[PDB]
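Q: Have a look at the structure that comes next, please.
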Amino acid sequence: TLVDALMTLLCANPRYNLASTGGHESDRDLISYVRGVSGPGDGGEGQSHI
Amino acid sequence: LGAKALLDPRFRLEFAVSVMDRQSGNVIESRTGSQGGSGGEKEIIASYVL
């Protein structure tokens, strides 16, 4: 996440969390970092994941 | 993708993982799509399901 934060500055469209899929695809957006979304919450209305 | 959906059984389902407590059948955590999880989070789920 630290590296993602830095990467937002140097790049036109940085691919967050790239090293998770060996170079295949990115999973996370930008906003969730601002929102501090701690993972995907439970479906029972959640709200404990943000 | 579409021509898989329309003619092949195992492409009509999305798979998901859930965590349940011994003392309560209530969801503790369930995950599917937009993983947003560290690389180490993935490999556990991987090895355990396999």
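Labeling convention for the structure tokens: chains A, B, ... as they appear, residues from 1 per chain, ligands from 1 in order of appearance.
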Per residue of chain B within 12 Å of region 44-48 of chain A, record the nearest atom pair and its distance in Å to one decimal, counting only C-alpha atoms, with rows in chain order and ascending residue number, as a tab-separated table.
A:
residue	atom	partner	partner_atom	distance
B:26	CA	A:44	CA	9.3
B:27	CA	A:44	CA	8.0
B:28	CA	A:44	CA	10.0
B:29	CA	A:46	CA	10.0
B:30	CA	A:44	CA	10.2
Q: Would you mind writing down, as a list in words, each residue of chain B that DSSP on the backbone assigns to helix (DSSP H, G or I)?
A: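 After running DSSP on the backbone, chain B has helix (DSSP H, G or I) at residues 2, 3, 4, 5, 9, 10, 11, 39, 40, 41, 42, 43, 44, 45, 46, 47, 48 and 49 of chain B.
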Q: Can I get the selection written as a tab-separated table (two decimals), in the first residue's frame, with N, CA, C and O atoms?
A:
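File again.tsv, as written:
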chain	number	residue	atom	x	y	z
B	2	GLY	N	-19.42	-14.85	-23.28
B	2	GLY	CA	-20.82	-15.17	-23.51
B	2	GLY	C	-21.00	-16.57	-24.08
B	2	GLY	O	-21.80	-17.36	-23.57
B	3	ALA	N	-20.26	-16.88	-25.14
B	3	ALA	CA	-20.36	-18.20	-25.76
B	3	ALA	C	-19.87	-19.32	-24.85
B	3	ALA	O	-20.02	-20.49	-25.22
B	4	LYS	N	-19.30	-19.00	-23.69
B	4	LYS	CA	-19.11	-19.99	-22.64
B	4	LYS	C	-20.35	-20.09	-21.77
B	4	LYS	O	-20.81	-21.19	-21.46
B	5	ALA	N	-20.90	-18.94	-21.38
B	5	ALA	CA	-22.06	-18.93	-20.50
B	5	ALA	C	-23.21	-19.74	-21.08
B	5	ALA	O	-23.89	-20.48	-20.36
B	9	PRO	N	-21.69	-25.95	-18.52
B	9	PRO	CA	-22.27	-25.89	-17.17
B	9	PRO	C	-21.46	-25.05	-16.19
B	9	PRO	O	-21.98	-24.08	-15.63
B	10	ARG	N	-20.19	-25.38	-15.99
B	10	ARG	CA	-19.42	-24.78	-14.90
B	10	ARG	C	-19.09	-23.29	-15.12
B	10	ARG	O	-18.38	-22.74	-14.28
B	11	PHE	N	-19.57	-22.63	-16.17
B	11	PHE	CA	-19.41	-21.19	-16.33
B	11	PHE	C	-20.67	-20.41	-15.98
B	11	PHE	O	-20.72	-19.20	-16.24
B	39	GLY	N	-0.99	-10.34	-1.12
B	39	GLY	CA	-0.63	-11.60	-1.74
B	39	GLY	C	-0.68	-12.77	-0.79
B	39	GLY	O	-1.15	-13.85	-1.17
B	40	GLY	N	-0.20	-12.59	0.44
B	40	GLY	CA	-0.28	-13.65	1.43
B	40	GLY	C	-1.68	-14.09	1.76
B	40	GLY	O	-1.90	-15.26	2.07
B	41	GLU	N	-2.65	-13.17	1.70
B	41	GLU	CA	-4.04	-13.57	1.92
B	41	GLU	C	-4.48	-14.58	0.87
B	41	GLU	O	-5.17	-15.55	1.21
B	42	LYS	N	-4.11	-14.37	-0.39
B	42	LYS	CA	-4.55	-15.26	-1.45
B	42	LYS	C	-4.04	-16.68	-1.23
B	42	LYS	O	-4.82	-17.64	-1.21
B	43	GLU	N	-2.72	-16.83	-1.05
B	43	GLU	CA	-2.11	-18.16	-1.09
B	43	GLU	C	-2.66	-19.09	-0.02
B	43	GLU	O	-2.74	-20.30	-0.26
B	44	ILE	N	-3.06	-18.58	1.14
B	44	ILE	CA	-3.69	-19.43	2.14
B	44	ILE	C	-4.95	-20.03	1.54
B	44	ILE	O	-4.99	-21.23	1.27
B	45	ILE	N	-5.92	-19.17	1.21
B	45	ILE	CA	-7.17	-19.62	0.61
B	45	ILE	C	-6.90	-20.64	-0.49
B	45	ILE	O	-7.54	-21.70	-0.57
B	46	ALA	N	-5.92	-20.34	-1.34
B	46	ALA	CA	-5.54	-21.21	-2.44
B	46	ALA	C	-5.21	-22.60	-1.92
B	46	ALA	O	-5.90	-23.58	-2.25
B	47	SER	N	-4.17	-22.68	-1.10
B	47	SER	CA	-3.68	-23.97	-0.62
B	47	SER	C	-4.77	-24.73	0.13
B	47	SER	O	-4.89	-25.94	-0.04
B	48	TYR	N	-5.56	-24.03	0.94
B	48	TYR	CA	-6.56	-24.72	1.75
B	48	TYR	C	-7.65	-25.32	0.88
B	48	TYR	O	-8.02	-26.49	1.04
B	49	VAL	N	-8.19	-24.53	-0.06
B	49	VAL	CA	-9.24	-25.07	-0.92
B	49	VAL	C	-8.70	-26.23	-1.75
B	49	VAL	O	-9.36	-27.27	-1.88
Q: Taking only C-alpha atoms into account, report as a ChimeraX atom specification which residues of chain A lie within 6 Å of chain B.
A: /A:20,27-28,39,42
Q: From the set A:43, A:49, A:36, A:31, which residue has the shortest atom-to-atom contact distance to residue 16 (chain A), counting only C-alpha atoms?
A: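 Selected residue with least distance to residue 16 (chain A): A:31.
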Q: Set the distance at 12 Å and use only C-alpha atoms: which residues neighbour residue 2 (chain A) once local chain neighbours fewer than 2 positions away are removed? I'd like the list as a tab-separated table (two decimals) with N, CA, C and O atoms, in the first residue's frame.
A:
chain	number	residue	atom	x	y	z
A	4	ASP	N	1.96	1.70	-3.48
A	4	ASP	CA	0.84	2.19	-4.27
A	4	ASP	C	0.68	3.70	-4.09
A	4	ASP	O	0.49	4.43	-5.07
A	5	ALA	N	0.75	4.17	-2.85
A	5	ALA	CA	0.61	5.61	-2.60
A	5	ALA	C	1.65	6.40	-3.39
A	5	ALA	O	1.31	7.36	-4.08
A	6	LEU	N	2.92	5.99	-3.31
A	6	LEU	CA	3.96	6.67	-4.07
A	6	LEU	C	3.69	6.59	-5.56
A	6	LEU	O	3.88	7.56	-6.30
A	7	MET	N	3.25	5.42	-6.03
A	7	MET	CA	3.07	5.21	-7.46
A	7	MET	C	2.01	6.13	-8.06
A	7	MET	O	2.06	6.40	-9.26
A	8	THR	N	1.07	6.61	-7.25
A	8	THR	CA	0.03	7.49	-7.78
A	8	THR	C	0.62	8.78	-8.33
A	8	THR	O	-0.01	9.45	-9.15
A	16	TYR	N	-2.47	-0.54	-9.52
A	16	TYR	CA	-2.31	-0.81	-8.10
A	16	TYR	C	-2.27	-2.31	-7.84
A	16	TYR	O	-2.93	-3.09	-8.52
A	17	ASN	N	-1.47	-2.70	-6.85
A	17	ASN	CA	-1.41	-4.09	-6.38
A	17	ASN	C	-1.01	-5.05	-7.49
A	17	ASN	O	-1.48	-6.20	-7.52
A	33	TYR	N	-8.61	3.52	-1.15
A	33	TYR	CA	-7.52	3.97	-0.30
A	33	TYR	C	-7.92	5.20	0.50
A	33	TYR	O	-7.69	5.27	1.71
Q: When you draw a straight line from CA of residue 1 (chain A) to CA of residue 50 (chain B), how long is it in Å?
A: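 The value is 28.2 Å.
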Q: Rounded to one decimal place, report the CA of residue 30 (chain A)-CA of residue 15 (chain A) distance in Å.
A: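 So the answer is 9.8 Å.
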